[PDB]
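**Q** To be precise about what I am sending: the file is called run23.cif and holds mmCIF, C-alpha atoms and all ligand atoms.
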```cif
data_data
#
loop_
_atom_site.label_atom_id
_atom_site.label_comp_id
_atom_site.auth_asym_id
_atom_site.auth_seq_id
_atom_site.Cartn_x
_atom_site.Cartn_y
_atom_site.Cartn_z
CA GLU Y 2 -9.89 -12.81 21.39
CA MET Y 3 -7.53 -10.11 20.15
CA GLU Y 4 -9.73 -7.46 21.76
CA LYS Y 5 -8.87 -9.10 25.05
CA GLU Y 6 -5.18 -9.16 24.12
CA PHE Y 7 -5.52 -5.54 23.01
CA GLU Y 8 -6.72 -4.43 26.44
CA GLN Y 9 -3.92 -6.33 28.18
CA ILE Y 10 -1.20 -4.60 26.18
CA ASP Y 11 -2.95 -1.29 26.87
CA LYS Y 12 -3.41 -2.03 30.59
CA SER Y 13 0.29 -2.81 31.04
CA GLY Y 14 1.23 -0.25 28.39
CA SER Y 15 3.58 -2.59 26.56
CA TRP Y 16 3.01 -1.72 22.90
CA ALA Y 17 6.65 -0.77 22.39
CA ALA Y 18 7.76 -4.14 23.75
CA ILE Y 19 5.45 -6.23 21.57
CA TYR Y 20 6.15 -4.13 18.49
CA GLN Y 21 9.84 -4.57 19.16
CA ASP Y 22 9.60 -8.36 19.39
CA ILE Y 23 7.94 -8.40 15.97
CA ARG Y 24 10.80 -6.35 14.56
CA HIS Y 25 13.32 -8.74 16.08
CA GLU Y 26 11.63 -11.82 14.59
CA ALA Y 27 11.02 -10.15 11.20
CA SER Y 28 12.48 -11.79 8.09
CA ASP Y 29 15.57 -10.41 6.39
CA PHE Y 30 16.40 -11.07 2.76
CA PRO Y 31 18.77 -9.77 0.05
CA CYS Y 32 18.04 -6.43 -1.68
CA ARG Y 33 20.87 -6.64 -4.19
CA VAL Y 34 19.08 -5.12 -7.19
CA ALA Y 35 17.71 -2.23 -5.13
CA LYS Y 36 21.25 -1.30 -4.10
CA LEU Y 37 22.92 -1.42 -7.52
CA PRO Y 38 24.48 2.02 -8.16
CA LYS Y 39 22.43 2.49 -11.33
CA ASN Y 40 19.19 2.29 -9.31
CA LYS Y 41 20.19 4.89 -6.70
CA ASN Y 42 17.76 7.44 -8.13
CA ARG Y 43 14.91 4.93 -8.25
CA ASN Y 44 14.74 4.80 -4.47
CA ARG Y 45 13.16 7.47 -2.30
CA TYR Y 46 14.73 6.13 0.88
CA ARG Y 47 18.10 4.51 1.45
CA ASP Y 48 16.73 2.33 4.24
CA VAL Y 49 13.62 1.15 2.38
CA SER Y 50 14.21 -1.42 -0.31
CA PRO Y 51 12.32 -4.36 -1.80
CA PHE Y 52 13.74 -7.86 -1.28
CA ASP Y 53 15.07 -9.35 -4.50
CA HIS Y 54 12.86 -12.41 -4.16
CA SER Y 55 9.58 -10.47 -4.08
CA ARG Y 56 10.34 -7.34 -6.11
CA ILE Y 57 8.10 -6.33 -9.02
CA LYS Y 58 10.05 -6.44 -12.26
CA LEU Y 59 9.28 -3.98 -15.04
CA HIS Y 60 8.94 -5.73 -18.40
CA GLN Y 61 11.84 -3.99 -20.13
CA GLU Y 62 15.30 -5.32 -21.01
CA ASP Y 63 16.81 -1.94 -20.10
CA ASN Y 64 16.29 -1.59 -16.35
CA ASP Y 65 13.53 -3.70 -14.77
CA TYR Y 66 13.87 -2.03 -11.40
CA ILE Y 67 11.22 -0.32 -9.32
CA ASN Y 68 10.99 -0.13 -5.55
CA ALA Y 69 7.88 -2.27 -5.18
CA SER Y 70 7.06 -5.65 -3.65
CA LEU Y 71 4.42 -8.28 -4.27
CA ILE Y 72 2.87 -9.29 -0.94
CA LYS Y 73 1.21 -12.65 -1.57
CA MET Y 74 -1.12 -13.92 1.18
CA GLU Y 75 -1.82 -17.54 0.25
CA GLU Y 76 -4.55 -18.42 2.78
CA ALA Y 77 -6.28 -15.04 2.64
CA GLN Y 78 -6.39 -15.43 -1.13
CA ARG Y 79 -5.26 -11.82 -1.52
CA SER Y 80 -2.24 -10.06 -3.07
CA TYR Y 81 -0.96 -6.49 -2.91
CA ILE Y 82 1.89 -4.59 -4.51
CA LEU Y 83 3.35 -2.23 -1.92
CA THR Y 84 5.44 0.56 -3.39
CA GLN Y 85 7.00 3.92 -2.47
CA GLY Y 86 5.32 7.14 -3.57
CA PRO Y 87 6.85 7.57 -7.06
CA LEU Y 88 9.69 9.98 -7.71
CA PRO Y 89 9.95 12.73 -10.35
CA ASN Y 90 11.82 10.16 -12.44
CA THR Y 91 9.80 7.02 -11.62
CA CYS Y 92 6.23 8.06 -12.47
CA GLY Y 93 6.47 6.47 -15.91
CA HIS Y 94 7.78 3.30 -14.25
CA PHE Y 95 4.98 3.46 -11.70
CA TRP Y 96 2.27 3.43 -14.34
CA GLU Y 97 4.19 0.84 -16.36
CA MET Y 98 3.94 -1.44 -13.36
CA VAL Y 99 0.21 -0.78 -12.98
CA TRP Y 100 -0.25 -1.69 -16.64
CA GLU Y 101 1.98 -4.78 -16.70
CA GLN Y 102 0.58 -6.16 -13.45
CA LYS Y 103 -2.96 -5.55 -14.70
CA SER Y 104 -3.97 -3.64 -11.56
CA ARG Y 105 -7.50 -2.25 -11.29
CA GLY Y 106 -6.88 0.01 -8.35
CA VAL Y 107 -4.25 2.29 -6.91
CA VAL Y 108 -4.54 3.08 -3.22
CA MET Y 109 -2.84 6.24 -1.96
CA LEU Y 110 -2.53 6.83 1.78
CA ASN Y 111 -0.63 10.11 1.83
CA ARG Y 112 -0.64 13.62 0.42
CA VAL Y 113 1.84 14.91 -2.14
CA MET Y 114 3.07 17.35 0.47
CA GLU Y 115 3.26 16.63 4.20
CA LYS Y 116 5.11 18.26 7.10
CA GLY Y 117 6.15 20.87 4.53
CA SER Y 118 8.02 18.63 2.07
CA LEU Y 119 7.33 16.38 -0.90
CA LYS Y 120 6.34 12.85 0.12
CA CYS Y 121 5.23 11.84 -3.35
CA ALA Y 122 5.27 13.12 -6.92
CA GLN Y 123 2.11 14.43 -8.61
CA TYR Y 124 1.82 11.31 -10.72
CA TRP Y 125 -1.76 11.68 -11.93
CA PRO Y 126 -3.52 14.49 -13.85
CA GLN Y 127 -5.56 16.95 -11.79
CA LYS Y 128 -7.64 18.37 -14.65
CA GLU Y 129 -9.59 16.42 -17.31
CA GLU Y 130 -8.24 18.61 -20.15
CA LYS Y 131 -4.62 18.24 -19.01
CA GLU Y 132 -3.79 14.58 -19.65
CA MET Y 133 -0.28 13.36 -18.79
CA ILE Y 134 2.04 11.46 -21.09
CA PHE Y 135 5.00 9.45 -19.84
CA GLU Y 136 7.46 9.41 -22.72
CA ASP Y 137 9.92 6.96 -21.19
CA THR Y 138 7.35 4.14 -20.81
CA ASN Y 139 5.02 5.35 -23.58
CA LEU Y 140 1.87 5.74 -21.47
CA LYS Y 141 -0.97 8.29 -21.50
CA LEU Y 142 -2.94 9.02 -18.33
CA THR Y 143 -6.23 10.96 -18.29
CA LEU Y 144 -8.36 12.15 -15.41
CA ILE Y 145 -11.88 10.97 -16.22
CA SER Y 146 -13.80 11.95 -13.10
CA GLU Y 147 -13.15 12.79 -9.48
CA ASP Y 148 -15.25 12.40 -6.37
CA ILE Y 149 -14.09 14.33 -3.32
CA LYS Y 150 -15.49 13.22 0.03
CA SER Y 151 -14.63 14.29 3.56
CA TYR Y 152 -11.92 11.74 4.37
CA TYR Y 153 -10.98 10.50 0.87
CA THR Y 154 -11.28 11.14 -2.86
CA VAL Y 155 -11.91 8.50 -5.52
CA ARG Y 156 -10.71 9.20 -9.04
CA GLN Y 157 -11.49 7.48 -12.30
CA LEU Y 158 -8.49 7.43 -14.62
CA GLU Y 159 -7.97 6.12 -18.13
CA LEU Y 160 -4.56 4.58 -18.69
CA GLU Y 161 -3.53 4.04 -22.31
CA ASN Y 162 -0.72 1.93 -23.71
CA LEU Y 163 0.33 4.22 -26.55
CA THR Y 164 2.29 1.39 -28.14
CA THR Y 165 -0.83 -0.72 -28.67
CA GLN Y 166 -3.47 2.01 -28.17
CA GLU Y 167 -5.09 -0.31 -25.64
CA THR Y 168 -6.85 1.39 -22.68
CA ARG Y 169 -7.93 0.56 -19.14
CA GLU Y 170 -9.94 2.26 -16.44
CA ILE Y 171 -7.97 2.61 -13.20
CA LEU Y 172 -9.56 3.57 -9.88
CA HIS Y 173 -7.51 5.90 -7.69
CA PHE Y 174 -8.49 5.62 -4.02
CA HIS Y 175 -6.86 8.44 -2.11
CA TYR Y 176 -7.10 8.58 1.67
CA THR Y 177 -6.52 12.28 2.33
CA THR Y 178 -6.91 12.66 6.10
CA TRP Y 179 -4.01 10.71 7.59
CA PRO Y 180 -2.32 12.99 10.18
CA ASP Y 181 1.16 14.41 9.60
CA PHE Y 182 2.20 12.85 12.89
CA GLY Y 183 0.96 9.74 14.61
CA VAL Y 184 -2.03 7.66 13.58
CA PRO Y 185 -5.76 8.42 13.14
CA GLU Y 186 -7.77 9.04 16.30
CA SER Y 187 -10.41 6.51 15.23
CA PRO Y 188 -10.07 3.71 12.65
CA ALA Y 189 -13.61 4.58 11.58
CA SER Y 190 -12.87 6.57 8.41
CA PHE Y 191 -9.81 4.43 7.56
CA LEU Y 192 -12.03 1.34 7.67
CA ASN Y 193 -14.78 2.85 5.52
CA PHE Y 194 -12.08 3.80 3.03
CA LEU Y 195 -10.89 0.18 2.96
CA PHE Y 196 -14.44 -1.04 2.44
CA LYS Y 197 -14.85 1.39 -0.44
CA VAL Y 198 -11.77 -0.12 -2.03
CA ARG Y 199 -13.16 -3.61 -1.46
CA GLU Y 200 -16.43 -2.55 -3.04
CA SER Y 201 -14.77 -1.28 -6.23
CA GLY Y 202 -13.53 -4.78 -6.99
CA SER Y 203 -9.90 -3.62 -7.08
CA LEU Y 204 -8.89 -6.21 -4.47
CA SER Y 205 -10.66 -9.11 -6.18
CA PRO Y 206 -8.79 -11.97 -7.95
CA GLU Y 207 -10.21 -11.23 -11.40
CA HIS Y 208 -7.82 -8.25 -11.45
CA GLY Y 209 -4.09 -7.89 -10.97
CA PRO Y 210 -2.97 -7.00 -7.44
CA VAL Y 211 -3.93 -3.57 -6.14
CA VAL Y 212 -1.08 -1.07 -5.90
CA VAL Y 213 -0.67 0.53 -2.47
CA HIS Y 214 1.61 3.36 -1.35
CA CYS Y 215 2.27 6.11 1.16
CA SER Y 216 5.74 7.67 1.14
CA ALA Y 217 7.95 4.64 1.82
CA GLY Y 218 5.20 2.09 1.24
CA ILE Y 219 5.68 0.15 4.47
CA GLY Y 220 4.01 2.01 7.35
CA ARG Y 221 0.55 3.28 6.42
CA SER Y 222 0.47 0.89 3.44
CA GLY Y 223 1.36 -1.86 5.90
CA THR Y 224 -1.60 -0.91 8.09
CA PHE Y 225 -3.92 -1.08 5.08
CA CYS Y 226 -2.95 -4.58 3.95
CA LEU Y 227 -2.56 -6.03 7.44
CA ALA Y 228 -6.07 -4.94 8.44
CA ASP Y 229 -7.64 -6.10 5.15
CA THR Y 230 -6.05 -9.58 5.29
CA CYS Y 231 -6.86 -10.10 9.01
CA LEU Y 232 -10.49 -9.16 8.46
CA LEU Y 233 -10.65 -11.44 5.45
CA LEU Y 234 -9.18 -14.34 7.44
CA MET Y 235 -11.62 -13.88 10.33
CA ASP Y 236 -14.25 -14.15 7.60
CA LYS Y 237 -12.84 -17.36 6.16
CA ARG Y 238 -11.74 -19.44 9.16
CA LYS Y 239 -14.09 -21.67 11.14
CA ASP Y 240 -12.72 -19.94 14.23
CA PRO Y 241 -12.26 -16.20 13.54
CA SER Y 242 -10.69 -15.72 16.97
CA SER Y 243 -7.69 -17.75 15.76
CA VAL Y 244 -6.47 -14.92 13.51
CA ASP Y 245 -3.23 -13.68 15.10
CA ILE Y 246 -2.40 -10.22 13.81
CA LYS Y 247 1.20 -10.49 14.98
CA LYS Y 248 1.69 -13.66 12.94
CA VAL Y 249 -0.08 -12.24 9.89
CA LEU Y 250 2.17 -9.20 10.05
CA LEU Y 251 5.24 -11.44 10.18
CA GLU Y 252 4.05 -13.43 7.18
CA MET Y 253 3.70 -10.18 5.27
CA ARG Y 254 7.18 -8.97 6.29
CA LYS Y 255 8.53 -12.00 4.41
CA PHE Y 256 7.68 -10.03 1.26
CA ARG Y 257 8.63 -6.46 2.20
CA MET Y 258 10.67 -5.01 5.06
CA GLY Y 259 9.45 -2.76 7.84
CA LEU Y 260 5.69 -3.14 7.40
CA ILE Y 261 4.17 -1.22 10.34
CA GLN Y 262 6.71 1.48 11.28
CA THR Y 263 5.71 2.21 14.88
CA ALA Y 264 4.08 0.77 17.96
CA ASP Y 265 1.36 3.39 17.36
CA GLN Y 266 0.66 1.94 13.92
CA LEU Y 267 0.63 -1.55 15.43
CA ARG Y 268 -1.94 -0.56 18.05
CA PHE Y 269 -3.89 1.27 15.36
CA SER Y 270 -3.95 -1.88 13.22
CA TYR Y 271 -5.38 -3.90 16.13
CA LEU Y 272 -7.88 -1.12 16.68
CA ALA Y 273 -8.95 -1.20 13.01
CA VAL Y 274 -9.25 -4.98 12.87
CA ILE Y 275 -11.24 -5.13 16.11
CA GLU Y 276 -13.58 -2.34 15.04
CA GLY Y 277 -13.94 -3.65 11.50
CA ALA Y 278 -14.71 -7.11 12.87
CA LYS Y 279 -17.52 -5.75 15.03
CA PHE Y 280 -19.14 -4.08 12.03
CA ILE Y 281 -18.49 -6.74 9.39
CA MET Y 282 -19.59 -9.47 11.82
CA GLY Y 283 -22.72 -8.17 13.53
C1 LIG Y 301 11.00 0.93 12.46
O1 LIG Y 301 11.77 0.13 11.51
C2 LIG Y 301 11.26 -0.98 10.94
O2 LIG Y 301 10.14 -1.40 11.17
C3 LIG Y 301 12.16 -1.71 10.00
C4 LIG Y 301 12.55 -3.07 10.32
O3 LIG Y 301 12.13 -3.72 11.45
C5 LIG Y 301 13.41 -3.81 9.45
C6 LIG Y 301 13.91 -3.22 8.24
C7 LIG Y 301 13.54 -1.88 7.90
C8 LIG Y 301 12.66 -1.09 8.77
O4 LIG Y 301 12.26 0.25 8.47
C9 LIG Y 301 13.10 1.09 7.68
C10 LIG Y 301 12.81 2.53 8.03
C11 LIG Y 301 13.26 2.93 9.46
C12 LIG Y 301 12.95 4.43 9.78
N1 LIG Y 301 13.23 5.21 8.55
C13 LIG Y 301 12.61 6.34 8.21
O5 LIG Y 301 11.71 6.90 8.88
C14 LIG Y 301 13.05 6.96 6.84
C15 LIG Y 301 12.28 6.28 5.65
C16 LIG Y 301 10.77 6.26 5.88
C17 LIG Y 301 9.97 7.44 5.70
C18 LIG Y 301 8.56 7.42 5.95
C19 LIG Y 301 7.92 6.16 6.39
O6 LIG Y 301 6.58 5.92 6.69
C20 LIG Y 301 5.54 6.91 6.62
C21 LIG Y 301 5.19 7.31 5.16
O7 LIG Y 301 5.45 6.67 4.19
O8 LIG Y 301 4.57 8.52 5.09
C22 LIG Y 301 4.32 6.29 7.35
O9 LIG Y 301 4.08 5.13 7.41
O10 LIG Y 301 3.53 7.22 7.94
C23 LIG Y 301 8.73 5.01 6.55
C24 LIG Y 301 10.14 5.04 6.31
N2 LIG Y 301 14.48 6.91 6.53
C25 LIG Y 301 15.42 7.81 6.78
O11 LIG Y 301 15.14 8.84 7.34
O12 LIG Y 301 16.68 7.50 6.40
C26 LIG Y 301 17.86 7.28 7.30
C27 LIG Y 301 17.43 6.57 8.64
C28 LIG Y 301 18.91 6.34 6.63
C29 LIG Y 301 18.52 8.63 7.64
#
```
Once more with this new file: its structure as structure tokens, please.
Ligand SMILES: COC(=O)c1c(O)cccc1OCCCCNC(=O)[C@H](Cc1ccc(OC(C(=O)O)C(=O)O)cc1)NC(=O)OC(C)(C)C
**A**
Amino acid sequence: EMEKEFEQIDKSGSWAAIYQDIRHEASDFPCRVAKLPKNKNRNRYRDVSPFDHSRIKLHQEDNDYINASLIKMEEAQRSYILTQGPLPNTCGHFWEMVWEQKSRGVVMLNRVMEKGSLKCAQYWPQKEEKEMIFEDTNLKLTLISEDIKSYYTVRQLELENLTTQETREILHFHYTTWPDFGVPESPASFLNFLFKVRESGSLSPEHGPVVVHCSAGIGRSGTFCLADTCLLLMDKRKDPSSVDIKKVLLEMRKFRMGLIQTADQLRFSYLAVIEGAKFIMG
């Protein structure tokens, strides 16, 4: 019972301690490509890089680099590509990835501007009649429809490979109410957002892995994938109470560094899993 464990940590207020043990035991792998001088401008943060072994490679002989990682959860039967919010110069690369990896959905957990500064580039068109064209990767992106709700907006986008004139519908799931500081008060809306993504089919195996990002693509994005996998496991296993969130998180960190950036996010993840389990279950 993780809800029982949850209350213990809370009782003895030891979230920092537990979160810190996870950090200590977290995997550490080479990030050689990420650090090559030529890729300096392809990284938003100096301390956030994809491990070489799990990085997404762009299909181009020029420079195949993009700060993104493939998180592959074998037992859960789910995969996710966690990436940083694209930069002014990596938007074409961002959509190239979405096309090459055959992704059906893009999940955004932040706003273009937060705490007064840019956390992500405006990488999608905001008006139907103003399509965007990425000359470097030869891609055309068109806003098809938009549905603004209280805590999130879902957009329908048409992505076209100008080289082949092939097209695909991409669903943009944008969680718009994540606080500038700290974590959400209640996992309620965050969970419904996740379920809406599940419902679209974007997380299903018939499609490439969903692309997820916040600013660095490790904190909020971490919370999203950790909660989704844990719920899914509790759904699969003969004994749902055997799902250990701390171990699942560590398995994920084998594919990308720093998933879950604070003890607050860790507690929030527990909170979301526990709440989502109560609904999904009974
Ligand atoms: C806590 O650290 C870790 O867990 C960790 C680890 O265990 C092992 C390896 C790396 C690790 O983590 C690496 C990052 C440690 C803390 N670094 C920072 O805050 C920033 C980059 C950053 C920005 C926003 C964010 O998240 C937001 C978002 O995207 O909006 C969100 O989730 O809300 C996450 C990371 N770097 C920075 O200022 O440059 C410097 C510090 C160089 C000046």
**Q** Using all atoms listed in the file, which residues have at least one atom no more than 7 Å from ligand LIG 301 (chain Y)? Output them as a list in words.
**A**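 The residues near ligand LIG 301 (chain Y) are residues 24, 25, 27, 46, 47, 48, 49, 111, 120, 215, 216, 217, 218, 219, 220, 221, 222, 258, 259, 260, 261, 262 and 263 of chain Y.
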**Q** Restricting the output to C-alpha atoms, write the selected residues as an mmCIF file, keeping the file's coordinate frame.
**A**
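Writing done, so here's out26.cif:
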```cif
data_model
loop_
_atom_site.group_PDB
_atom_site.id
_atom_site.type_symbol
_atom_site.label_atom_id
_atom_site.label_comp_id
_atom_site.auth_asym_id
_atom_site.auth_seq_id
_atom_site.Cartn_x
_atom_site.Cartn_y
_atom_site.Cartn_z
ATOM 1 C CA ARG Y 24 10.800 -6.350 14.560
ATOM 2 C CA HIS Y 25 13.320 -8.740 16.080
ATOM 3 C CA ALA Y 27 11.020 -10.150 11.200
ATOM 4 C CA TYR Y 46 14.730 6.130 0.880
ATOM 5 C CA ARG Y 47 18.100 4.510 1.450
ATOM 6 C CA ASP Y 48 16.730 2.330 4.240
ATOM 7 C CA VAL Y 49 13.620 1.150 2.380
ATOM 8 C CA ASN Y 111 -0.630 10.110 1.830
ATOM 9 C CA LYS Y 120 6.340 12.850 0.120
ATOM 10 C CA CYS Y 215 2.270 6.110 1.160
ATOM 11 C CA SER Y 216 5.740 7.670 1.140
ATOM 12 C CA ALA Y 217 7.950 4.640 1.820
ATOM 13 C CA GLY Y 218 5.200 2.090 1.240
ATOM 14 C CA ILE Y 219 5.680 0.150 4.470
ATOM 15 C CA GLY Y 220 4.010 2.010 7.350
ATOM 16 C CA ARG Y 221 0.550 3.280 6.420
ATOM 17 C CA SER Y 222 0.470 0.890 3.440
ATOM 18 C CA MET Y 258 10.670 -5.010 5.060
ATOM 19 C CA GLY Y 259 9.450 -2.760 7.840
ATOM 20 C CA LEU Y 260 5.690 -3.140 7.400
ATOM 21 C CA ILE Y 261 4.170 -1.220 10.340
ATOM 22 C CA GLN Y 262 6.710 1.480 11.280
ATOM 23 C CA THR Y 263 5.710 2.210 14.880
#
```
**Q** Distance table requested - stretch 23-77 of chain Y against stretch 229-248 of chain Y, cut-off 12 Å, only C-alpha atoms: one row per qualifying residue with the closest atom pair and its distance in Å to one decimal, ordered by chain and rising residue number, as a tab-separated table.
**A**
```
residue	atom	partner	partner_atom	distance
Y:23	CA	Y:247	CA	7.1
Y:24	CA	Y:247	CA	10.5
Y:26	CA	Y:248	CA	10.2
Y:27	CA	Y:248	CA	10.1
Y:28	CA	Y:248	CA	12.0
Y:72	CA	Y:230	CA	10.9
Y:73	CA	Y:230	CA	10.4
Y:74	CA	Y:230	CA	7.7
Y:75	CA	Y:230	CA	10.3
Y:76	CA	Y:234	CA	7.7
Y:77	CA	Y:234	CA	5.7
```
**Q** Nearest to residue Y:30 among Y:225, Y:182, Y:125, Y:52, with distances taken over only C-alpha atoms: which residue is it?
**A**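 Smallest separation from residue Y:30 among the options: Y:52.
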**Q** Mind checking which residues fall within 10 Å of residue Y:86, counting only C-alpha atoms, ignoring those fewer than 3 positions away in the same chain, and posting them as a PDB file with C-alpha atoms, in the coordinates of the input?
**A**
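Okay, this is what ended up in part_18.pdb:
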```pdb
ATOM      1  CA  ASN Y  44      14.740   4.800  -4.470  1.00  0.00           C
ATOM      2  CA  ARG Y  45      13.160   7.470  -2.300  1.00  0.00           C
ATOM      3  CA  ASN Y  68      10.990  -0.130  -5.550  1.00  0.00           C
ATOM      4  CA  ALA Y  69       7.880  -2.270  -5.180  1.00  0.00           C
ATOM      5  CA  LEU Y  83       3.350  -2.230  -1.920  1.00  0.00           C
ATOM      6  CA  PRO Y  89       9.950  12.730 -10.350  1.00  0.00           C
ATOM      7  CA  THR Y  91       9.800   7.020 -11.620  1.00  0.00           C
ATOM      8  CA  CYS Y  92       6.230   8.060 -12.470  1.00  0.00           C
ATOM      9  CA  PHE Y  95       4.980   3.460 -11.700  1.00  0.00           C
ATOM     10  CA  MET Y 109      -2.840   6.240  -1.960  1.00  0.00           C
ATOM     11  CA  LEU Y 110      -2.530   6.830   1.780  1.00  0.00           C
ATOM     12  CA  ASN Y 111      -0.630  10.110   1.830  1.00  0.00           C
ATOM     13  CA  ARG Y 112      -0.640  13.620   0.420  1.00  0.00           C
ATOM     14  CA  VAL Y 113       1.840  14.910  -2.140  1.00  0.00           C
ATOM     15  CA  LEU Y 119       7.330  16.380  -0.900  1.00  0.00           C
ATOM     16  CA  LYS Y 120       6.340  12.850   0.120  1.00  0.00           C
ATOM     17  CA  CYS Y 121       5.230  11.840  -3.350  1.00  0.00           C
ATOM     18  CA  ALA Y 122       5.270  13.120  -6.920  1.00  0.00           C
ATOM     19  CA  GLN Y 123       2.110  14.430  -8.610  1.00  0.00           C
ATOM     20  CA  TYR Y 124       1.820  11.310 -10.720  1.00  0.00           C
ATOM     21  CA  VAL Y 213      -0.670   0.530  -2.470  1.00  0.00           C
ATOM     22  CA  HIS Y 214       1.610   3.360  -1.350  1.00  0.00           C
ATOM     23  CA  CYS Y 215       2.270   6.110   1.160  1.00  0.00           C
ATOM     24  CA  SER Y 216       5.740   7.670   1.140  1.00  0.00           C
ATOM     25  CA  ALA Y 217       7.950   4.640   1.820  1.00  0.00           C
ATOM     26  CA  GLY Y 218       5.200   2.090   1.240  1.00  0.00           C
TER      27      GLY Y 218
END
```
**Q** Find, counting all atoms listed in the file, the residue in Y:14, Y:188, Y:117, Y:87 that gets nearest to residue Y:272.
**A** Y:188
**Q** With all atoms listed in the file as the counted atoms, please give the residues lying no more than 8 Å from residue Y:268, apart from itself and same-chain residues fewer than 3 positions off, as a list in words.
**A**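 Residues near the query, excluding close chain neighbours: residues 7, 16, 264, 265, 271 and 272 of chain Y.
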